[PDB]
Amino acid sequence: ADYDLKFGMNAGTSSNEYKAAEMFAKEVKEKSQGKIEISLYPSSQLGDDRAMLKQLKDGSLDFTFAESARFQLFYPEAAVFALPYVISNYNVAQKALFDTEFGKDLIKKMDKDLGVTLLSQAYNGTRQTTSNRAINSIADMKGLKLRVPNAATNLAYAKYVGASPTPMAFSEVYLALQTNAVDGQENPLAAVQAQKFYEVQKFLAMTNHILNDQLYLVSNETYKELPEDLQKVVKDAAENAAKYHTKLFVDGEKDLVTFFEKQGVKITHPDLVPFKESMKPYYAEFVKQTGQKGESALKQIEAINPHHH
């Protein structure tokens, strides 16, 4: 094609992310009259999301996904998006990104500093905790070998609840669980399904601890080369795909505990009061480390009412 473009992702071929990216690719191909074709590179073929962001920056990858929280790698205050229990729901995550001074400035920096244009934002689920033994209360976390991604906020989740974290890439998790090299992991329900972690985890606990969004990102090196009518095709398709993406996650969060129970997983509902209590020292550390910019981002986000209006 005129524009042979590539979209990399950690998510696999059985995921909502992939299905939404397929929708995006199809609409772009159609509405561009075949000028643009977007090929997909799932399951961390191209590296992880840190690597794929670097490839968007240098122009060697055209599209990828990232959470708003992942920009904590560059702007420490952006960890606010994944401080456990801070962002209440997706309504808050949307307004945090688009309708705060903090979020608007973040978007501008992503463009200026990181070489990426934000096309759209979707919901990517609320993280829960699976394990090889029941989590009936916070006590059960103590010393649980809890896999986390290579992200400071998830490592802190594990530390502050009393678990023993083991960081590793998404691709490595299934084997780690299967072999009981670790005792558990944490991810939204849809990823537990997509990755078939339910095959290798007997328990799932509704810890509700981190709220993931998902940004459709394009390399500025690519976006600038598309004539404006094709930029519009891409942007509009990313917006349409993000709405679909969100819906996939919303619908699964109603349908998936019963799916897992039919697969033999035991579901628990530990009291979250002490989980939330355990994060208070972590918030204080975040404020100490990130200074006024972190205190301001918190304040801006804590001011957002979570009820749709």
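Under this definition, the rigid core comprises the largest set of C-alpha atoms superposing within 1.5 Å between the forms. Residue indices: 1-based, along the sequence shown.
Core superposition of the other structures onto this form places the C-alphas of 203-211 farther off in 6 other deposited structures of this protein than those of the other stretch among 203-211 and 77-85. Stretch comparison, 295-303 versus 281-289: after rigid core superposition, larger RMS CA deviation in 6 other deposited structures of this protein is found for 281-289. In this entry, 108-116 shows the higher mean Cα temperature factor of the pair 108-116 and 169-177.
According to the PDB record, 269-277 carries the higher mean C-alpha B-factor of the two stretches 61-69 and 269-277. Take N220, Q214, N136, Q193 and read off each C-alpha B-factor from the entry; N136 has the highest. In this PDB entry, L248 carries a Cα temperature factor that places it within the lowest third of its chain's modelled residues. When the CA B factors of the chain's modelled residues are split into thirds, the value for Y85 lands in the middle one.
In the PDB entry, a CA B factor belonging to the highest third of its chain's modelled residues is recorded for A297.
When all modelled residues of the chain are sorted by CA temperature factor, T100 is found within the highest third.
In the deposited entry, the Cα temperature factor of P76 sits in the top third of values across the chain's modelled residues.
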